[PDB]
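Student: Dumping the structure here so I can ask a few things about it.
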Amino acid sequence: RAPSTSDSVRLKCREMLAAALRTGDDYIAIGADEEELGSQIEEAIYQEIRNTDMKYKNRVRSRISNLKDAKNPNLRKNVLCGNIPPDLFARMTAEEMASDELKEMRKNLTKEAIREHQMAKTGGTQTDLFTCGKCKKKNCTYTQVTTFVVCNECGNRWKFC
Amino acid sequence: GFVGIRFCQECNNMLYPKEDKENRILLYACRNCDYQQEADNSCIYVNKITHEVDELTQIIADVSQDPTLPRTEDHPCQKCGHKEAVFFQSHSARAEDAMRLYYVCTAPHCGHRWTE
Amino acid sequence: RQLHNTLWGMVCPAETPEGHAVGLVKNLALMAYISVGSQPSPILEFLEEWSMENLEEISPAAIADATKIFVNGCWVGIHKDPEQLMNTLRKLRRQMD
Amino acid sequence: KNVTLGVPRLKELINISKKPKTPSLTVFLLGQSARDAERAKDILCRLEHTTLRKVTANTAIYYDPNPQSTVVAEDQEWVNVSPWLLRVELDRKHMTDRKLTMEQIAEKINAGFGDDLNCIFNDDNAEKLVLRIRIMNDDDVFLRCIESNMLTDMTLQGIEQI
Amino acid sequence: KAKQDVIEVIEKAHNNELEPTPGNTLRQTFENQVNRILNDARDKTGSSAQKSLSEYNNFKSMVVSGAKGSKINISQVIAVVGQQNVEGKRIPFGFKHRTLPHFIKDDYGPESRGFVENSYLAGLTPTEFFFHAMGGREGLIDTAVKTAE
Amino acid sequence: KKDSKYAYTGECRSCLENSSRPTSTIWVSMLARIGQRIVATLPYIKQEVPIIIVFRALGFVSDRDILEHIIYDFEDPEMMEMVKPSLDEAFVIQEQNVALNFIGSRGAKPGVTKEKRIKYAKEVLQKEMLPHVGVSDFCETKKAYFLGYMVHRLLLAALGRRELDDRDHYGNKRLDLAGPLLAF
Ligand SMILES: [Zn+2]
Ligand SMILES: [Zn+2]
């Protein structure tokens, strides 16, 4: 049970969180105490911040927006059903609270960006007919133009005329 | 949306914006004249960082009658449904990264353009 | 110094010095010919006769849907039918009149 | 990519210049990031200079008299609660690629210009990554100047030069 | 085969299927792929020409002895000259979006950008002859500036 | 040109016809960086002048007329935003006399008095810049149209809607044979 708070700001934040959780009526369907969940979330937020300063108000506003985001009521339902403990929701980040589709899209974009940041490997005809003298390995790639040799694993560089 | 210049009525000059502190509204004044007019667009300045410009708005129908422009039949027009058509790249500097074509129908009185 | 693409059939792409002046000295192609010069007045009159609004008296709003005619770099007059004007000009030059 | 070897590089090395032609570093990762690209992408992002211009898409200024009026249709101000504001909407693909969050962006934008503005960021669930920059306490051009100078250089995440 | 492959690459680029290779823009990756295809074709042709020589051939004798020449010289003489690059890139568009008046606009094809498909034994088409001239001129300019510096 | 403060430069070598005076050059450039402030380099003027002042000096008080000469269509606000900076820059020049005074003040031989500066400005604006269009008593209209055309081309180049002109394209070159060489 979240301890009661005599702070007007804390009470207002708890009421706002309870109202946000009541959006969608999922509280009735899950039989969850919306007021209790809101109080627990507010207590967790206060403990994390320890002050009802701009950081705490911003965190409360972000949490309320996440809960009332009708584009992903799955998170709200999970919170009302206990899937996300109030401490986890308080400590959860925007990426964590993102809906399933948004999370998948973000992951795909991040992977695409990571791939695009890379550098294209140097081309060549990989072969094991040449022995690298710097590592003793047989894997390497050759380029004809004088036949330049690039070690595969060791990376020995040499040319043959 | 964008914003287009609106000139004065008497002096015919550039009209700057002004926020009416009294009636709390948006007005356009003249530097020289004292002409005022109540604004309607409720926007002042917009910047397009991506510069998403539609090349079709720049293409013109006259390009069709060009003797040094390729022609194909596999992309018939839509409106007139003609067979012959021309195609070319953006032909515009600062092309970010694209060679997407812009087909233009080859027939008088049609001037149709499209992209695939 | 680099041999530009436009020098096709005007300047020999092979003949040139190989010292410090490589690429600067150039030779005309066998078929190359240089215009000696003429006068614009006959062309100005010929264009004036056609339905070519003169630049001095023309609604500015009418420049958009039109074509600007430059002669020797003088923006003079404006036409509303480039496709026919160019054809008439080409035929006239072909006949040499 | 470009290294400019040969006579130009020799000349640069001989003539110690304050600005070479192709300056560059070869940073070697140390931790586990040296193996998996996943934990090196973040390092690269944090070493690469990022600015509003790299994450922004459009920037429209509006003279919205009443904040709750919200001439534009966005249900983010009423929840959160000068007759003008800047709606600096951000790109998603770029922001994801650099892996930033509106929280840090807002903190940085507020701190850099002091407690003179109030950036009402937006939740990371809405499709549009809108923002709202307002000034509280010539004023028209002040927004233009501030937006110009911040867009030109803000250093959201990374160092300069790079 | 090389021509067909470059045509397919151009088709994919035109229809927006060629995804940008990492670290490069779409045009850059398109150019890189085309150059790799042409270089591979030239190498394959040169290898085929080399393997097709006879011990009594004199080019091969001089090259193997290393006195004067190289395998690339033989490949150009017999198999195919190859790409005629300038400033480390393919022939530019001197005219409006095209190399020479003969070719049509937006013709990135191999021969329309410099690819000398013939060989020095079978003569050269005029367009590729001009492009070869441009390559030689670039070489001479580089020689002069190097000697000066 | 990048090795300078101007992002673009609208060069134009004017020469009427083998005239006694040498060819005059008009550079209509734009500052790179407000931003996007257009300038000009008239002959015999050491400093630069904003284009709007020049247009007003040519006898165009109204702003709408200046824009019409410069921009041909008002339906593309994307282009208008590029000229608004330079337009608002010179907001303290409306009458023609003040414009002439401003132009003449930068002259190489600044008239000790106001009338001399005005006369010098008028002469330089009617005989030194763009001679080829016309140097008669009443040719200000065509000169203004040509200047607006140059500005329009510069704006088109800046927007990238039209690639820049190559410097080595022989289409932009002419050959001086024995004739012109001896005539000089
Ligand atoms: Zn007015
Ligand atoms: Zn059609």
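Indices start at 1 and increase along the chain as displayed.
Even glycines carry a Cβ here, placed using N, Cα and C.
As annotated by Swiss-Prot, Zn(2+) 1 binding site applies to B:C8, B:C11, B:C30, B:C33. If you look up Swiss-Prot, you'll see B:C77, B:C80, B:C105, B:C110 marked as Zn(2+) 2 binding site, on the strength of sequence analysis. The annotation zinc finger is assigned in Swiss-Prot to B:8-33, B:73-115 on the grounds of sequence analysis.
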Student: Out of the binding-site residues B:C77, B:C80, B:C105, B:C110, give me the one sitting nearest to B:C11 (Zn(2+) 1 binding site) by CA distance.
Tutor: B:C110
Student: What are the non-local neighbours of B:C33 (Zn(2+) 1 binding site), defined as same-chain residues 6+ apart in sequence with CB under 8 A from its CB?
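Tutor: B:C8, B:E10, B:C11, B:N13 - these are the non-local Cβ neighbours of B:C33 (Zn(2+) 1 binding site), listed in sequence order.
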Student: On a C-alpha basis, identify the one among B:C77, B:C80, B:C105 that is nearest to B:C30 (Zn(2+) 1 binding site); the candidates are the binding-site residues.
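Tutor: Answer for the nearest of the binding-site residues: B:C105.
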Student: Determine, for the Zn(2+) 1 site, the additional residues of the same chain whose CB lies within 8 Å of the mean position of the CB atoms of B:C8, B:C11, B:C30, B:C33; present them in sequence order.
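Tutor: These residues sit around the Zn(2+) 1 site: B:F7, B:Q9, B:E10, B:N12, B:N13, B:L15, B:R31, B:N32, B:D34, B:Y35.
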Student: Give me the sequence-ordered set of same-chain residues, not including B:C77, B:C80, B:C105, B:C110, with a C-beta within 8 angstroms of the centroid of the Zn(2+) 2 site's C-beta atoms.
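Tutor: Counting only non-site residues, the set is B:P76, B:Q78, B:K79, B:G81, B:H82, B:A85, B:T106, B:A107, B:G111, B:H112.
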Student: Give the number of CB atoms, excluding that of B:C11 (Zn(2+) 1 binding site) itself, located within 10 Å of its CB.
Tutor: 19
Student: For the zinc finger (B:8-33), what are the DSSP-based totals of helix, strand and coil residues?
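Tutor: Grouping H, G, I as helix and E, B as strand yields 0 helix, 13 strand, 13 coil.
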Student: So, in DSSP terms, is B:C80 (Zn(2+) 2 binding site) helix, strand, or coil?
Tutor: coil
Student: Check the binding-site residues B:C8, B:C77, B:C80, B:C105, B:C110 for any whose Cβ is under 6 angstroms from an atom of ligand 2, and report them in sequence order.
Tutor: B:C77, B:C80, B:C105, B:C110
Student: Any of the binding-site residues B:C8, B:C11, B:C33, B:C77 with a C-beta atom under 6 A from ligand 1? Give them in order, or none.
Tutor: B:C8, B:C11, B:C33
Student: Report, as a single number, how many Cβ atoms besides its own are within 10 Å of the Cβ of B:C8 (Zn(2+) 1 binding site).
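Tutor: There are 21 such Cβ atoms around B:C8 (Zn(2+) 1 binding site).
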Student: Which residue among the binding-site residues B:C77, B:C80, B:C105, B:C110 has the fewest other Cβ atoms within 10 Å of its Cβ, if you could check?
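Tutor: Ranked by other Cβ atoms within 10 Å, the binding-site residues B:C77, B:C80, B:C105, B:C110 bottom out at B:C80.
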Student: For B:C110 (Zn(2+) 2 binding site), which DSSP three-state class applies?
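Tutor: Its secondary structure by DSSP: coil.
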